[PDB]
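Raw contents of entry00.pdb, PDB, C-alpha atoms and all ligand atoms:
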ATOM      1  CA  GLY A  44       0.000   0.000   0.000
ATOM      2  CA  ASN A  45       1.369   3.375  -1.090
ATOM      3  CA  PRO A  46       2.228   5.565   1.909
ATOM      4  CA  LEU A  47       0.123   8.586   2.763
ATOM      5  CA  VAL A  48       2.156  11.345   4.384
ATOM      6  CA  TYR A  49       1.371  14.892   5.517
ATOM      7  CA  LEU A  50       2.934  18.333   5.693
ATOM      8  CA  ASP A  51       1.470  20.917   8.057
ATOM      9  CA  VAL A  52       2.460  24.324   6.746
ATOM     10  CA  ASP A  53       2.731  27.806   8.324
ATOM     11  CA  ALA A  54       3.116  31.227   6.702
ATOM     12  CA  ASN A  55       4.761  33.748   9.040
ATOM     13  CA  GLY A  56       3.768  31.509  11.955
ATOM     14  CA  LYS A  57       0.099  31.262  10.950
ATOM     15  CA  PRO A  58      -1.160  27.762  10.104
ATOM     16  CA  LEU A  59      -2.286  27.326   6.488
ATOM     17  CA  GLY A  60      -3.451  23.751   6.940
ATOM     18  CA  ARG A  61      -2.350  20.286   5.857
ATOM     19  CA  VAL A  62      -1.095  18.881   2.573
ATOM     20  CA  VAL A  63      -1.607  15.124   2.264
ATOM     21  CA  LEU A  64       0.506  13.276  -0.286
ATOM     22  CA  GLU A  65       0.291   9.791  -1.748
ATOM     23  CA  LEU A  66       3.751   8.361  -2.421
ATOM     24  CA  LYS A  67       3.798   6.038  -5.438
ATOM     25  CA  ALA A  68       5.909   3.282  -3.881
ATOM     26  CA  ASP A  69       4.387   0.937  -6.464
ATOM     27  CA  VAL A  70       6.261   2.780  -9.233
ATOM     28  CA  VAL A  71       9.209   4.392  -7.469
ATOM     29  CA  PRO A  72       9.810   2.548  -4.172
ATOM     30  CA  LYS A  73      13.266   3.990  -3.472
ATOM     31  CA  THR A  74      12.151   7.571  -4.055
ATOM     32  CA  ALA A  75       8.919   7.068  -2.105
ATOM     33  CA  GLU A  76      10.778   5.498   0.827
ATOM     34  CA  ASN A  77      13.191   8.417   1.014
ATOM     35  CA  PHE A  78      10.373  10.973   1.190
ATOM     36  CA  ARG A  79       8.388   8.852   3.655
ATOM     37  CA  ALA A  80      11.292   8.546   6.106
ATOM     38  CA  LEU A  81      12.132  12.245   5.792
ATOM     39  CA  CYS A  82       8.532  13.006   6.786
ATOM     40  CA  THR A  83       8.620  10.794   9.894
ATOM     41  CA  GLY A  84      12.124  11.957  10.745
ATOM     42  CA  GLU A  85      12.902   8.391  11.833
ATOM     43  CA  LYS A  86      16.539   8.533  10.643
ATOM     44  CA  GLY A  87      17.203  11.507  12.908
ATOM     45  CA  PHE A  88      16.707  14.203  10.280
ATOM     46  CA  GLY A  89      14.053  15.329   7.823
ATOM     47  CA  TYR A  90      11.545  17.940   6.720
ATOM     48  CA  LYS A  91      10.225  19.110  10.088
ATOM     49  CA  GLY A  92      11.055  22.793  10.492
ATOM     50  CA  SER A  93      12.337  23.380   6.958
ATOM     51  CA  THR A  94      10.930  25.825   4.425
ATOM     52  CA  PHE A  95       9.440  26.323   0.998
ATOM     53  CA  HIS A  96      12.367  28.389  -0.293
ATOM     54  CA  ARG A  97      11.346  28.831  -3.945
ATOM     55  CA  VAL A  98       7.724  29.433  -4.938
ATOM     56  CA  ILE A  99       6.732  30.527  -8.442
ATOM     57  CA  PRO A 100       3.066  31.249  -9.246
ATOM     58  CA  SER A 101       1.655  29.224 -12.148
ATOM     59  CA  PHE A 102       4.603  26.831 -11.824
ATOM     60  CA  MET A 103       5.423  25.117  -8.518
ATOM     61  CA  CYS A 104       6.269  25.270  -4.803
ATOM     62  CA  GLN A 105       9.728  23.936  -3.894
ATOM     63  CA  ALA A 106      10.968  22.809  -0.463
ATOM     64  CA  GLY A 107      13.109  20.311   1.389
ATOM     65  CA  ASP A 108      16.485  21.923   2.077
ATOM     66  CA  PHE A 109      16.800  21.057   5.773
ATOM     67  CA  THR A 110      20.605  21.313   5.832
ATOM     68  CA  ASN A 111      21.427  24.717   4.318
ATOM     69  CA  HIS A 112      17.924  26.220   4.297
ATOM     70  CA  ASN A 113      18.471  28.137   1.039
ATOM     71  CA  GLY A 114      18.068  25.743  -1.886
ATOM     72  CA  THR A 115      21.620  24.422  -2.107
ATOM     73  CA  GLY A 116      21.341  21.584   0.377
ATOM     74  CA  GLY A 117      19.433  18.630   1.750
ATOM     75  CA  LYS A 118      20.348  14.946   1.813
ATOM     76  CA  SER A 119      18.665  11.578   1.289
ATOM     77  CA  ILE A 120      18.292   8.711   3.742
ATOM     78  CA  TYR A 121      20.756   6.750   1.575
ATOM     79  CA  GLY A 122      23.536   9.324   1.434
ATOM     80  CA  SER A 123      23.985  12.792  -0.018
ATOM     81  CA  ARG A 124      22.458  11.937  -3.416
ATOM     82  CA  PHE A 125      20.730   9.002  -5.125
ATOM     83  CA  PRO A 126      19.952   8.001  -8.744
ATOM     84  CA  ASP A 127      16.930   8.894 -10.845
ATOM     85  CA  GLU A 128      14.822   5.795 -10.241
ATOM     86  CA  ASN A 129      12.760   6.048 -13.430
ATOM     87  CA  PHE A 130      10.705   8.575 -15.381
ATOM     88  CA  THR A 131       7.562   6.448 -15.622
ATOM     89  CA  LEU A 132       5.219   8.957 -13.956
ATOM     90  CA  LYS A 133       4.722  12.259 -15.796
ATOM     91  CA  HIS A 134       4.137  15.854 -14.702
ATOM     92  CA  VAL A 135       0.490  15.691 -15.720
ATOM     93  CA  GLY A 136      -0.989  18.663 -13.850
ATOM     94  CA  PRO A 137      -1.417  20.562 -10.568
ATOM     95  CA  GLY A 138      -0.752  18.455  -7.478
ATOM     96  CA  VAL A 139       2.128  16.439  -8.913
ATOM     97  CA  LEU A 140       4.926  15.723  -6.401
ATOM     98  CA  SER A 141       8.400  15.484  -7.949
ATOM     99  CA  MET A 142      12.094  15.556  -6.989
ATOM    100  CA  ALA A 143      14.128  18.732  -7.474
ATOM    101  CA  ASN A 144      17.679  18.177  -8.695
ATOM    102  CA  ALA A 145      20.914  19.664 -10.008
ATOM    103  CA  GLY A 146      21.104  17.443 -13.070
ATOM    104  CA  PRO A 147      20.879  13.692 -13.657
ATOM    105  CA  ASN A 148      21.144  11.436 -10.588
ATOM    106  CA  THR A 149      21.333  14.180  -7.961
ATOM    107  CA  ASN A 150      18.206  13.497  -5.926
ATOM    108  CA  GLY A 151      18.559  14.515  -2.299
ATOM    109  CA  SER A 152      15.650  15.755  -0.217
ATOM    110  CA  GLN A 153      14.467  18.784  -2.189
ATOM    111  CA  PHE A 154      11.074  18.380  -3.839
ATOM    112  CA  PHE A 155       8.341  20.396  -5.486
ATOM    113  CA  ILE A 156       4.575  20.369  -5.801
ATOM    114  CA  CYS A 157       3.303  21.537  -9.194
ATOM    115  CA  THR A 158       0.515  24.073  -9.578
ATOM    116  CA  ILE A 159       0.252  23.499 -13.348
ATOM    117  CA  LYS A 160       1.122  20.787 -15.861
ATOM    118  CA  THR A 161       4.921  20.993 -16.129
ATOM    119  CA  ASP A 162       5.494  18.668 -19.082
ATOM    120  CA  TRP A 163       8.946  20.081 -19.898
ATOM    121  CA  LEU A 164      10.218  18.410 -16.719
ATOM    122  CA  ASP A 165       9.259  14.922 -17.942
ATOM    123  CA  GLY A 166      12.354  12.749 -18.221
ATOM    124  CA  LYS A 167      14.397  15.194 -16.118
ATOM    125  CA  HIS A 168      12.691  15.096 -12.726
ATOM    126  CA  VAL A 169      11.436  11.949 -10.993
ATOM    127  CA  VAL A 170       7.716  12.154 -10.249
ATOM    128  CA  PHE A 171       6.853  10.114  -7.162
ATOM    129  CA  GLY A 172       3.455  11.164  -5.885
ATOM    130  CA  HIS A 173       0.549  13.585  -5.822
ATOM    131  CA  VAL A 174      -1.633  15.723  -3.559
ATOM    132  CA  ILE A 175      -4.519  13.742  -2.042
ATOM    133  CA  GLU A 176      -5.889  16.596   0.034
ATOM    134  CA  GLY A 177      -4.958  20.232   0.562
ATOM    135  CA  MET A 178      -4.608  21.799  -2.883
ATOM    136  CA  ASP A 179      -6.157  24.847  -1.176
ATOM    137  CA  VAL A 180      -3.085  24.980   1.059
ATOM    138  CA  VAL A 181      -0.800  24.578  -1.953
ATOM    139  CA  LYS A 182      -2.611  27.492  -3.659
ATOM    140  CA  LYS A 183      -2.058  29.584  -0.520
ATOM    141  CA  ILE A 184       1.652  28.782  -0.584
ATOM    142  CA  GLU A 185       1.709  29.585  -4.309
ATOM    143  CA  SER A 186       0.104  32.965  -3.627
ATOM    144  CA  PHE A 187       3.101  33.935  -1.474
ATOM    145  CA  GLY A 188       5.603  33.329  -4.267
ATOM    146  CA  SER A 189       6.915  35.583  -7.030
ATOM    147  CA  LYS A 190       8.346  35.431 -10.550
ATOM    148  CA  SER A 191      11.874  35.094  -9.144
ATOM    149  CA  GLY A 192      10.810  32.376  -6.719
ATOM    150  CA  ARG A 193      11.456  34.567  -3.681
ATOM    151  CA  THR A 194       8.711  34.198  -1.041
ATOM    152  CA  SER A 195       6.891  37.144   0.532
ATOM    153  CA  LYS A 196       6.161  35.229   3.749
ATOM    154  CA  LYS A 197       8.238  32.646   5.618
ATOM    155  CA  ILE A 198       6.698  29.318   4.652
ATOM    156  CA  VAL A 199       7.553  26.547   7.118
ATOM    157  CA  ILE A 200       6.707  22.854   7.360
ATOM    158  CA  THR A 201       5.932  22.896  11.099
ATOM    159  CA  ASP A 202       5.083  19.215  11.331
ATOM    160  CA  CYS A 203       5.092  16.221   9.022
ATOM    161  CA  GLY A 204       4.719  12.475   9.247
ATOM    162  CA  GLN A 205       3.012   9.350   7.977
ATOM    163  CA  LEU A 206      -0.740   8.706   8.046
ATOM    164  CA  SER A 207      -0.645   5.160   6.633
TER
HETATM  165  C1  LIG B 301      13.683  23.208 -16.294
HETATM  166  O1  LIG B 301      14.103  22.828 -14.966
HETATM  167  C2  LIG B 301      13.784  23.774 -14.031
HETATM  168  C3  LIG B 301      13.632  25.100 -14.421
HETATM  169  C4  LIG B 301      13.320  26.069 -13.481
HETATM  170  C5  LIG B 301      13.192  25.714 -12.144
HETATM  171  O2  LIG B 301      12.898  26.667 -11.211
HETATM  172  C6  LIG B 301      13.432  27.960 -11.534
HETATM  173  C7  LIG B 301      13.316  24.386 -11.725
HETATM  174  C8  LIG B 301      13.195  24.232 -10.168
HETATM  175  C9  LIG B 301      11.624  24.067  -9.937
HETATM  176  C10 LIG B 301      11.367  22.786 -10.742
HETATM  177  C11 LIG B 301      12.332  22.093  -9.787
HETATM  178  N1  LIG B 301      13.577  22.826  -9.939
HETATM  179  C12 LIG B 301      14.814  22.393  -9.768
HETATM  180  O3  LIG B 301      15.058  21.228  -9.447
HETATM  181  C13 LIG B 301      15.906  23.462  -9.826
HETATM  182  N2  LIG B 301      17.149  22.921  -9.300
HETATM  183  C14 LIG B 301      17.496  23.182  -8.053
HETATM  184  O4  LIG B 301      16.821  23.926  -7.337
HETATM  185  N3  LIG B 301      18.642  22.647  -7.660
HETATM  186  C15 LIG B 301      19.180  22.832  -6.315
HETATM  187  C16 LIG B 301      19.327  21.424  -5.728
HETATM  188  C17 LIG B 301      20.484  21.057  -5.052
HETATM  189  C18 LIG B 301      20.607  19.772  -4.531
HETATM  190  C19 LIG B 301      19.576  18.847  -4.681
HETATM  191  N4  LIG B 301      19.699  17.615  -4.176
HETATM  192  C20 LIG B 301      18.421  19.214  -5.363
HETATM  193  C21 LIG B 301      18.297  20.501  -5.888
HETATM  194  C22 LIG B 301      13.683  23.426 -12.684
END
Would you mind writing the file's structure down as C-alpha cells?
Amino acid sequence: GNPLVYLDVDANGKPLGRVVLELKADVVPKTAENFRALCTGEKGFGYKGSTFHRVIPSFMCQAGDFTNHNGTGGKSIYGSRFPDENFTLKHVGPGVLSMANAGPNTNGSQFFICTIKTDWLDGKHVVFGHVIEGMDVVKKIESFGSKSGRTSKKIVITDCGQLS
C-alpha cells in the first residue's frame, strides 16, 4: 500500500493547513521510501522545520532543504544523493509531487509540488506522488511566491509524518 504522508504548513507563523501526499511506492519505491522517512524523521533528520524556499506562481512550490535552508542543500536517507529511479510517472498537472535536482542522478531531499502541468520536466525530474488533500493549502503557498521564486512570507513545514 502506497504511503500517505502529511505536511502541516505555516506562513509567518500562521497555520495554512495540511497537505496530504500519496507516495507512489508501487512505481518508485526507493524515491517514495526516502520521502516517507524524511517526513517521519525516523533517521534523525528530515523535513520538520524546513521551508518552501522557492515558490513561483503558475509553476510550482519547492521545499526540502533542511541542511542549508536556502536551496543548495538537503540529503537523502541513503547518502547525499541518489539516482533517478525512473521517469515512468509524468508531470500531468497541478498536485504532482516530484524531486528537485541539479542534473541527472542528484536526488537529495528537495522536492516540489506543481501548480500546473509541467510537461517540460518529464524525463528530467522523478515524479513520485501527488496531492490527495490540501490543494487549497498549496494554492495559498503559491500565492506567497513571485516570478523570481522569492517568497513574501516565511513558509515553514511545522510538522510532518506518515498517516498510513
Ligand atoms: C527546467 O528545470 C527547471 C527550471 C526552473 C526551475 O525553477 C526555476 C526548476 C526548479 C523548480 C522545478 C524544480 N527545480 C529544480 O530542481 C531546480 N534545481 C534546483 O533547485 N537545484 C538545487 C538542488 C540542489 C541539490 C539537490 N539535491 C536538489 C536541488 C527546474
Exercise for review: Rank A:123, A:195, A:93, A:205 by their smallest atom-to-atom distance to ligand LIG 301 (chain B), using only C-alpha atoms and all ligand atoms, and report the top residue only.
Suggested key: A:123
Review point. Any chance you could work out the residue set of the PyMOL selection byres (((chain A and resi 49-59) around 8) and not hetatm) here, as a PyMOL selection string?
Key: chain A and resi 47-48+60-64+82+180+183-184+196-206
Size and centre in Å, one decimal, axis-aligned box, all listed ligand LIG 301 (chain B) atoms plus 5 Å per side, as JSON:
{"center_x": 16.0, "center_y": 22.8, "center_z": -10.2, "size_x": 19.2, "size_y": 20.3, "size_z": 22.1}
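Going from atom CA of residue A:121 to atom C22 of ligand LIG 301 (chain B) covers 23.1 Å.
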Check your understanding: With all atoms listed in the file as the atoms that count, which of A:73, A:97, A:168, A:134 lies nearest to residue A:193?
Key ->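 Among the listed residues, the smallest separation from residue A:193 belongs to A:97.
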Using all atoms listed in the file, tabulate the residues of chain A lying at most 9 Å from any atom of ligand LIG 301 (chain B), each with its closest atom pair and that distance in Å to one decimal, by chain and increasing residue number, as JSON lines.
{"residue": "A:97", "atom": "CA", "partner": "B:LIG301", "partner_atom": "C9", "distance": 7.7}
{"residue": "A:98", "atom": "CA", "partner": "B:LIG301", "partner_atom": "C9", "distance": 8.3}
{"residue": "A:99", "atom": "CA", "partner": "B:LIG301", "partner_atom": "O2", "distance": 7.8}
{"residue": "A:102", "atom": "CA", "partner": "B:LIG301", "partner_atom": "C9", "distance": 7.8}
{"residue": "A:103", "atom": "CA", "partner": "B:LIG301", "partner_atom": "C9", "distance": 6.4}
{"residue": "A:104", "atom": "CA", "partner": "B:LIG301", "partner_atom": "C9", "distance": 7.5}
{"residue": "A:105", "atom": "CA", "partner": "B:LIG301", "partner_atom": "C9", "distance": 6.3}
{"residue": "A:107", "atom": "CA", "partner": "B:LIG301", "partner_atom": "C20", "distance": 8.7}
{"residue": "A:108", "atom": "CA", "partner": "B:LIG301", "partner_atom": "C19", "distance": 8.0}
{"residue": "A:114", "atom": "CA", "partner": "B:LIG301", "partner_atom": "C15", "distance": 5.4}
{"residue": "A:115", "atom": "CA", "partner": "B:LIG301", "partner_atom": "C17", "distance": 4.6}
{"residue": "A:116", "atom": "CA", "partner": "B:LIG301", "partner_atom": "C18", "distance": 5.3}
{"residue": "A:117", "atom": "CA", "partner": "B:LIG301", "partner_atom": "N4", "distance": 6.0}
{"residue": "A:118", "atom": "CA", "partner": "B:LIG301", "partner_atom": "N4", "distance": 6.6}
{"residue": "A:119", "atom": "CA", "partner": "B:LIG301", "partner_atom": "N4", "distance": 8.2}
{"residue": "A:123", "atom": "CA", "partner": "B:LIG301", "partner_atom": "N4", "distance": 7.7}
{"residue": "A:124", "atom": "CA", "partner": "B:LIG301", "partner_atom": "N4", "distance": 6.4}
{"residue": "A:125", "atom": "CA", "partner": "B:LIG301", "partner_atom": "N4", "distance": 8.7}
{"residue": "A:141", "atom": "CA", "partner": "B:LIG301", "partner_atom": "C11", "distance": 7.9}
{"residue": "A:142", "atom": "CA", "partner": "B:LIG301", "partner_atom": "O3", "distance": 6.9}
{"residue": "A:143", "atom": "CA", "partner": "B:LIG301", "partner_atom": "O3", "distance": 3.3}
{"residue": "A:144", "atom": "CA", "partner": "B:LIG301", "partner_atom": "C20", "distance": 3.6}
{"residue": "A:145", "atom": "CA", "partner": "B:LIG301", "partner_atom": "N3", "distance": 4.4}
{"residue": "A:146", "atom": "CA", "partner": "B:LIG301", "partner_atom": "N2", "distance": 7.7}
{"residue": "A:149", "atom": "CA", "partner": "B:LIG301", "partner_atom": "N4", "distance": 5.4}
{"residue": "A:150", "atom": "CA", "partner": "B:LIG301", "partner_atom": "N4", "distance": 4.7}
{"residue": "A:151", "atom": "CA", "partner": "B:LIG301", "partner_atom": "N4", "distance": 3.8}
{"residue": "A:152", "atom": "CA", "partner": "B:LIG301", "partner_atom": "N4", "distance": 6.0}
{"residue": "A:153", "atom": "CA", "partner": "B:LIG301", "partner_atom": "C20", "distance": 5.1}
{"residue": "A:154", "atom": "CA", "partner": "B:LIG301", "partner_atom": "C11", "distance": 7.1}
{"residue": "A:155", "atom": "CA", "partner": "B:LIG301", "partner_atom": "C11", "distance": 6.1}
{"residue": "A:156", "atom": "CA", "partner": "B:LIG301", "partner_atom": "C10", "distance": 8.7}
{"residue": "A:157", "atom": "CA", "partner": "B:LIG301", "partner_atom": "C10", "distance": 8.3}
{"residue": "A:161", "atom": "CA", "partner": "B:LIG301", "partner_atom": "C10", "distance": 8.6}
{"residue": "A:163", "atom": "CA", "partner": "B:LIG301", "partner_atom": "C1", "distance": 6.7}
{"residue": "A:164", "atom": "CA", "partner": "B:LIG301", "partner_atom": "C1", "distance": 5.9}
{"residue": "A:167", "atom": "CA", "partner": "B:LIG301", "partner_atom": "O1", "distance": 7.7}
{"residue": "A:168", "atom": "CA", "partner": "B:LIG301", "partner_atom": "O3", "distance": 7.3}
{"residue": "A:191", "atom": "CA", "partner": "B:LIG301", "partner_atom": "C6", "distance": 7.7}
{"residue": "A:192", "atom": "CA", "partner": "B:LIG301", "partner_atom": "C6", "distance": 7.0}
Practice item. Find the residues around residue A:166 up to 10 Å (all atoms listed in the file counted), leave out those fewer than 2 positions away in its own chain, and share them as a count of residues only. Key: 14
Exercise for review: Would you be able to write out as a ChimeraX atom specification which residues have an atom within 7 Å of (15.8, 6.2, -3.7) in the file's coordinates, counting all atoms listed in the file?
Suggested key: /A:73-74,76-77,125-126,128
Practice item. Grab the atom CA of residue A:89 to atom CA of residue A:122 distance for me, in Å with one decimal place. Key: 12.9 Å
Review point. Atom CA of residue A:110 and atom CA of residue A:69, how far apart in Å?
Key: 28.8 Å
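Excluding residue A:65 and any residue on its chain fewer than 2 positions from it, the residues at most 10 Å away by all atoms listed in the file are residues 44, 45, 46, 47, 48, 49, 63, 67, 68, 75, 79, 139, 140, 171, 172, 173, 174, 175, 176, 206 and 207 of chain A.
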Practice item. Would you mind telling me which residue in A:66, A:71, A:120, A:194 lies nearest to residue A:90 when using all atoms listed in the file? Key: A:120
Study note, to complete from the structure: In terms of all atoms listed in the file, the residue from A:179, A:165, A:109, A:186 at minimal distance from residue A:87 is A:109
